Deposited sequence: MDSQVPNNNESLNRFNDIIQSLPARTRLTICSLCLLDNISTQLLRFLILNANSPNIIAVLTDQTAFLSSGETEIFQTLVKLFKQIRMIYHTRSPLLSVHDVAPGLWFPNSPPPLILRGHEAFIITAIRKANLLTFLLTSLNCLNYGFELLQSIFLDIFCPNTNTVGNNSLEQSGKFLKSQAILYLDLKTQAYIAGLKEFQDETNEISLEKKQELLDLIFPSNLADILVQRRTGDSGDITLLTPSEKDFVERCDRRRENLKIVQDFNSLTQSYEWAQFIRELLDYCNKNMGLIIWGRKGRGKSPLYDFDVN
């Protein structure tokens, strides 16, 4: 079906329980508000943006805050225990994660997955901008799910490896900045805790096991993953020997990180939302006839 409105579900709507009618029909709300806000974020990525994007009380800021508030309210429709939406939150009792889609949703799979992937990308981005209640530590745990979509069957390549390493490094800076005093001296015990969580020694095992299960070992580590692990080990070691917290934030500048993250999402939006770039078609702007 090519109907983008809730009418696309008219053939099945009465076969569903009332609350699943709500979560299914409200996918149009979730796709619209997510597209509006992703558009806005990309459109305003190169500007005084660290100022403009903020949940705390500019005309663009009033628009941003209106969009963010709408996103949170529409997203709340789905009663999720996890920050990331899944197909089971949309069709509970019908579509189970890592299972074939139910027959009754045939012809709606791409529409449903597109909508939740836009929303999940937004949860990530808005958490980065500290516009949601989640801490920075949540970002690292959802990164691969969002930026390596299992079209796990999504390949972790050099572009994701670069973004991931910057993200892990910002999570260390954010973890320190939380417990940093006016002095520039870095707490050594908090330093070692963050490094062990963010740059673990079994990272290669983690990367492989996430794709293959408990039976895979570093034999199946891909070349891109291998390079990422080595740069992570080296990043951890160099971070051990930095004591000046302010020089850390100068080395890995926040406004520069956010800019590169937004520019990444713009250039890779097709891969994130659809799984493959394909042509230079944007999921945010459909121009097909």
{"property": "Ranges missing from the model, given as deposited sequence positions", "result": "1 to 6, 64 to 68, 163 to 171, 310"}
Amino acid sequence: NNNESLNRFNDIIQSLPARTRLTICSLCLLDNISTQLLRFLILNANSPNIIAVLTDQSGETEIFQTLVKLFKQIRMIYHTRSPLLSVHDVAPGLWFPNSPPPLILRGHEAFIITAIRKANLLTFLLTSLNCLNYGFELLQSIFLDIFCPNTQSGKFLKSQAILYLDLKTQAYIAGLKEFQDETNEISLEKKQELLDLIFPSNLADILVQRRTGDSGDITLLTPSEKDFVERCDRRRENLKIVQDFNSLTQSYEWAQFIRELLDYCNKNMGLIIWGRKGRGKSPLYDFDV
From here on, numbers count along this sequence of modelled residues.
| property | result |
| --- | --- |
| Mean C-alpha B-factor comparison - 32 to 40 and 233 to 241, higher one | 233 to 241 |
| 76 to 84 versus 176 to 184 - greater average Cα B-factor per the deposited record | 176 to 184 |
| Out of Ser26, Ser58, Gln65, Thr222, residue topping the C-alpha B-factor column of the entry | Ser58 |
| Per the PDB entry, maximal CA B factor within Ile116, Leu197, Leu105, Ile162 | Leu197 |
| Third assignment of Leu6 from its chain's C-alpha B-factors | middle |
| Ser215 CA temperature factor, ranked by third within the chain | highest |
| Chain thirds of CA B-factor: placement of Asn133 | highest |
| Ranked against its chain, the third holding the CA B-factor of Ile50 | highest |
| Position of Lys158 among the chain's modelled residues by C-alpha B-factor, lowest, middle or highest third | middle |
